[PDB]
Amino acid sequence: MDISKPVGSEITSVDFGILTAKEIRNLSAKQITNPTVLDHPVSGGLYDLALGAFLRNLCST
Amino acid sequence: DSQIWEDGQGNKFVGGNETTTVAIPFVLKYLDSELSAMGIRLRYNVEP
Amino acid sequence: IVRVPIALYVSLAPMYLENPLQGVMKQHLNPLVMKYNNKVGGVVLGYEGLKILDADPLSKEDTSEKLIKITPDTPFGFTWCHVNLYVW
Amino acid sequence: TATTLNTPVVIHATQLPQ
Amino acid sequence: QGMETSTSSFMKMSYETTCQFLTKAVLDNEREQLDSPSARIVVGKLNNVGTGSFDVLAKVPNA
Amino acid sequence: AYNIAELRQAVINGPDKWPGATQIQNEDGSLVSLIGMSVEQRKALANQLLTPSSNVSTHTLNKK
Amino acid sequence: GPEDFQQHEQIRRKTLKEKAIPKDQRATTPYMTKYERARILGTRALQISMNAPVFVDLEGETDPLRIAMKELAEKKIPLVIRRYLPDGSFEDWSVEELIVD
Ligand SMILES: [Zn+2]
């Protein structure tokens, strides 16, 4: 914790809730379809570049 | 026009432009991801 | 040119813990001049009437000694402020 | 930049532009 | 057993049977205000006991 | 302005000669390391340790 | 909009005033607790190490905590302890107002 970078906001409280199917379809980056992870990441697979950067591959999001 | 922000994959859309920066443990972020895998949401009520 | 009163939430430096008005001005208000703001809706052409709110509500507003809330893990202080901006 | 040292945390409009 | 009647569920789920107290806290849409020390350290906020029992204010000399 | 008597000495000492400075955090958060550095360069850095900030956006900070 | 924020701010400040306890009826300890002393020393040390103006005369010392202890001895610490009651009510004691030990 650097003391030269103050944080203004603060988490007052956290309330548990249910993640509905509509918002996750709205918030998601891409849908994962084929059950193949690698051939290099499989486009549309679990390690797709839309779910984050992966081994010098810049994230596509 | 001003409030239009794009994506790397070309999906440009207008939406949340009101975000802050709080200080949290990273294990909190991992726990949030794990709970989202369970279909559970946690709302974090930022004070200001 | 429209005068737009706004309420801020700015940081106060221990260097400026002795003239908080000029501290807030030079930390936040002075950068905002001649720069468009994504909140108000126009380029800010200046400012005036900067008044700092008090963290102690019972203090009379005519006093000159106000309270600023120090960050628990940082010597910086965050307080609410009111100021009018000249917006074109 | 854009630290909590040059930009306000929140800019809120107190009243309508007058 | 005796822990169930408690405002904070972060404390109980950190104690044990994490899945059960999580389902109970999500069915009731429980909102804990981060009071117990366990919740404070889960969310990484300054504790309430001891030196966190109060707040420190600075008396600036200009209004 | 009251600490450069010992911190400059520690920077001149370097990471190996106790008491010394392993790193010199700049105003903008840059964390320079003195481990792979020579004595003359450490002395130069310690001489430039306490300088006025050239950037307005980082004029409310001091080097660590 | 602006009026919604105005009423939100008014409600917040009204709640704040309703929680504050005026100086004439606070019923907390007149002394400064050990936790209050330690945190006031730590915060003042943070502030002075962050290039704050100082009031006491330095005797060649360079430890910020030692300078803060010197200020506390001279009662020159410009800080206020906001003691929080369990229900959210708070009393604003001043450092000079409190008696150290
Ligand atoms: Zn990404």
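Protein chains in written order, with PDB author numbering: chain H, 1 to 39, 43 to 64; chain S, 1155 to 1202; chain C, 38 to 125; chain P, 12 to 29; chain E, 1601 to 1663; chain G, 513 to 576; chain B, 54 to 154. No residue lacks a Cβ here, since even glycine has one placed at the ideal position from N, Cα and C.
Checking the DSSP bridge columns, you'll see E/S1614 has no partner listed. Under the three-state reduction of DSSP output, B/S142 falls in the coil class, being neither helix nor strand. According to DSSP, residue pairing for B/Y137 in a beta bridge involves B/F143. Counting only the Cα atoms, E/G1652 lies some 28 Å from G/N574.
Contact between the stretch 139–147 of chain B and the stretch 68–77 of chain B is established, with three or more Cβ pairs separated by less than 8 Å. In the three-state DSSP reduction, C/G114 falls in the strand class (E or B). Contact fails between the stretch 1181–1199 of chain S and the stretch 53–71 of chain C, because fewer than three Cβ pairs, one in each stretch, are under 8 Å apart.
Any heavy atom of ligand 1 within less than 6 Å of a residue's beta carbon puts that residue on the list, which reads H/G55, H/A56, H/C62 and H/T64. Nearest Cα to G/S542 within the set H/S4, H/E23 and H/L19: H/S4.
In chain order, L94, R97 and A98 place their CB closer than 6 Å to the CB of B/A121, counting only its own chain and leaving out the 5 sequence neighbours on each side. Annotation for E/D1635: no beta strand (DSSP E) segment contains it, and DSSP assigns it neither H nor E. Considering only P/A24, P/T15 and P/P19, the residue with the shortest C-alpha distance to B/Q60 is P/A24.
Residue pairing by DSSP leaves E/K1624 without any beta bridge partner. The beta carbon of B/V153 sits no closer than 7 Å to any beta carbon of chain E. DSSP places H/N26 in the helix class (H, G or I) of the three-state scheme. When the five nearest sequence neighbours on each side are left out, the beta carbons in the same chain lying within less than 6 Å of the beta carbon of C/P42 are those of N121, in order along the chain. Ranked by Cα distance from C/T116, the first of C/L104, C/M71 and C/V81 is C/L104. Setting aside the 5 residues that flank it on each side, G/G532 is surrounded in the same chain by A522, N525 and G526, each with a C-beta closer than 6 Å to its C-beta; the list follows chain order.
For C/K103, a Cβ of chain E is located within less than 7 Å of the residue's own Cβ. Counting the other CB atoms within 10 Å of its CB gives G/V568 a total below 16, which places it among the exposed residues. Where B/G95 is concerned, the enclosing alpha helix (DSSP H) starts and stops at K87 to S102. Between the C-alpha atoms of H/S63 and B/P117 there is a straight-line separation of about 48 Å. Not a single CB atom of chain H sits nearer than 7 Å to the CB of P/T25.
Proximity to E/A1658 across C/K88, C/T108 and C/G79 peaks at C/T108, based on C-alpha coordinates. Closer than 7 Å to the CB of E/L1646 there is not a single CB belonging to chain H. For G/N538, same chain residues with a beta-carbon under 7 Å away, outside a window of 5 residues either side, are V544 and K575 in chain order.
Contact between E/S1638 and E/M1603 does not hold, since their C-beta atoms are separated by about 11 Å, which reaches or exceeds 8 Å. Under the Cβ criterion (8 Å, minimum of three pairs), the stretch 50–59 of chain C counts as touching the stretch 97–112 of chain B.
Along the stretch 514–531 of chain G, the positions whose C-beta sits under 8 Å from a C-beta of chain B are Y514, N515, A517 and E518, read in chain order.
Using a Cβ-Cβ cut-off of 7 Å, S/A1191 does not count as an interface residue toward chain H, since no Cβ of chain H sits closer than that to its own. When the Cα atoms are used, B/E62 and B/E124 turn out to be separated by approximately 37 Å. By alpha-carbon distance to S/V1168, the top candidate from S/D1161, S/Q1157, S/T1175 and S/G1162 is S/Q1157.
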